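Taking the form deposited in one PDB entry, here's one chain by itself in structure tokens.
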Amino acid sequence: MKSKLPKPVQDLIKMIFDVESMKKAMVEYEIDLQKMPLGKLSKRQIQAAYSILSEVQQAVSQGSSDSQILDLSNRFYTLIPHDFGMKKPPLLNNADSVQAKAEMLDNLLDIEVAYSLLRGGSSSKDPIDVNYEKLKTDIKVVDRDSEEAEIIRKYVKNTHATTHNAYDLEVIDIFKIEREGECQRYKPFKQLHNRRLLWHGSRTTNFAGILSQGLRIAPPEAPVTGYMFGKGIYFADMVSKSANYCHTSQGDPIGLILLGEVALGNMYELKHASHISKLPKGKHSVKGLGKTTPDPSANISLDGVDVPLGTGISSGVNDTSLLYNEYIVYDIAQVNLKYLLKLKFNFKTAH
């Protein structure tokens, strides 16, 4: 039965559930699709690989022998078979190598979730309607000329800096999203002070799982050292910072970005990386202090939530490894997803 969903909603389902995009990502990661096809991927496979990366991180830091490190590296590549052609598999003997593999396993996890979702379940109704229902998310189109659309376009326009200006962002569609059960889950944290409407950028191959299971934290098996501020949910107050996580190109210039209401409370303000396991007593989030911050005078309050749509101005900071701020929560319930944007990247050089 022909779908009654708006074309921009239909086209979003087609995007996030594309199997060719999924396989394209695995190939980019240099995974052997003969030994490890899409359907062979398991949660237990990725969790076991995470455990080996933590074993590697421990081995390196506890002064293990090169043979022990190589054996561990070989175990990883046995579990997630890669195809390097003439090249040899990169030795997982340093922290950078494990951060690369942790990032990959993060992205593979959502690909497993998308494909398992897509292949699972049940006829006589459009497969787009079937797949919209699987997301357990109400996806509404926000009108181009609405007040909220004007606020979101101002947020994108003003929070787009010159350092990242190797592209221009063009907002194609704005979706008002609400995941089944997320409001009730967030209610205890709706109480907390310092709630902000922040950005979360991710690969398009990650949004089926993001809409289905929400924004998650890396599992306990994952190395805490494989993430800058530990295993939490990362956000940005400047669209350009998050837009760099959209993994777009000349070939595919369309990305997906999120606007989430994040209950931050007391922020553990830091200038340099910290591998947070447990947050300090009295703190509810981390604020990675950046050199540039949106103008605090220009802050707006859409639905009681602070929208830091201020134009990029310099902050006090001074001794920091961050150009732009970042916010991190360590409870998946501290996030309430509000909007999903479909962005066009108009790539061009600028000096």
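Sequential numbering from 1, following the sequence displayed. In this text, the rigid core denotes the largest set of C-alpha atoms whose superposition between the two forms falls within 1.5 Å.
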According to the PDB record, deposited residues with no modelled atoms between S122 and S123 number 1 to 3
Higher of the two mean Cα B-factors (90-98, 220-228; per PDB record) comes from 90-98
Mean B factor on CA atoms, stretches 240-248 and 157-165, record says higher is 157-165
Per the deposited entry, the peak Cα B-factor within the set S54, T293, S285, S42 goes to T293
Per the deposited entry, the peak Cα B-factor within the set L289, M26, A298, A49 goes to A298
Binned into thirds over the chain's modelled residues, the C-alpha B-factor of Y77 lands in the middle
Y186: CA temperature factor from the record, placed by chain third, in the middle
Temperature factor at the Cα of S274, chain-ranked in thirds, falls in the middle
For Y268, the third of its chain by CA B-factor is the middle
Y234: CA temperature factor from the record, placed by chain third, in the lowest
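One more form of this protein, deposited in another entry, exists but is not displayed; see below.
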Across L72, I152, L169, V142, the single C-alpha shifting 2 angstroms or more between this form and the one not shown with the core held fixed is at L72
(Q) So, superposing on the core, is the move of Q99 at the CA at least 2 angstroms between this form and the one not shown? (A) yes
Original post:
When the two forms are laid on each other by their rigid core, does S301 show a Cα shift of 2 Å or more between this form and the one not shown?
Top reply: no
TODO: Indicate whether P253 shows a C-alpha shift of 2 Å or more between this form and the one not shown, with the rigid core used for the fit.
DONE: no
Checking the C-alpha spacing of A95 and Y327, a student should find that in the other form it changes by 3 angstroms or more, with the atoms farther
Output row for the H160-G226 CA distance, |change| of 3 angstroms or more in the other form, reads closer
